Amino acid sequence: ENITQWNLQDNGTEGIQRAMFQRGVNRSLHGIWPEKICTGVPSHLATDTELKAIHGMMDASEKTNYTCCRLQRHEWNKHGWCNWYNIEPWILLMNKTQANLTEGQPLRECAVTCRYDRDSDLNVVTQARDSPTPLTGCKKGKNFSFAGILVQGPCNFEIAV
C-alpha cells in the first residue's frame, strides 16, 4: 500500500513550511509512495507543463521560490514512472490528492516530523501522512498542532481502534 505524505505550514521551520505560512497554504503534498523505488532511465521525462498540472503542490526548493518543479520531478523520477508507467494517471492522482488536502484536515492525518514550540508548549507538525509511523522531533507528552488544529495524540483517529 501507498504512503501519502505532505508538508504542513510552520513559520518556525525554514524552507517550504515557512513559504507555506507566508502564502496561507496549510497542506502541500510531498509524495505518494509505493514500496518500489525507481532506478535507471525514466520511461518519460516529466515536463514543467505536465508537473504544473498538480495544482497547489509546492516545490520544496528555494530555487523556484517554493513553486514548481524540482520536488514534483524528483517524485516522478524516484517514485512515479516505474510504478504508474504513464504520467497522465500519475498527475491525476497527485492533483486529486492535493485537491483533497487543500479542503482541510484529512480523515487520517498522522504526524511524521515536528518542531516542538517551547512558547506554545506544542508539537507543531511539519510533515504528516495517512498512517502512523515512528516520530522525529515530537516531544513526548505534548499536544500536536497540525497547521493550527490541536490534536492530543500523533493521529486524529485511534490506532488501537
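Between two forms, the rigid core is defined as the largest C-alpha subset superposing within 1.5 Å. All residue numbers are counted from 1 along the displayed sequence.
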| item | value |
| --- | --- |
| Outlying stretch relative to shown form, 149 to 157 versus 21 to 29 in 6 other deposited structures of this protein, C-alpha RMS (core) | 149 to 157 |
| Residue stretch of maximal mean CA temperature factor, 90 to 98 vs 107 to 115 | 107 to 115 |
| Between 151 to 159 and 3 to 11 (mean CA B-factor, as deposited), the higher | 151 to 159 |
| Given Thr133, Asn26, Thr47, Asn65, the residue at which the Cα B factor reaches its maximum | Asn65 |
| Selection from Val124, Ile54, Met58, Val41 [criterion: highest C-alpha temperature factor in the record] | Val41 |
| Chain third (lowest, middle, highest) by recorded CA B-factor, residue given as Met20 | lowest |
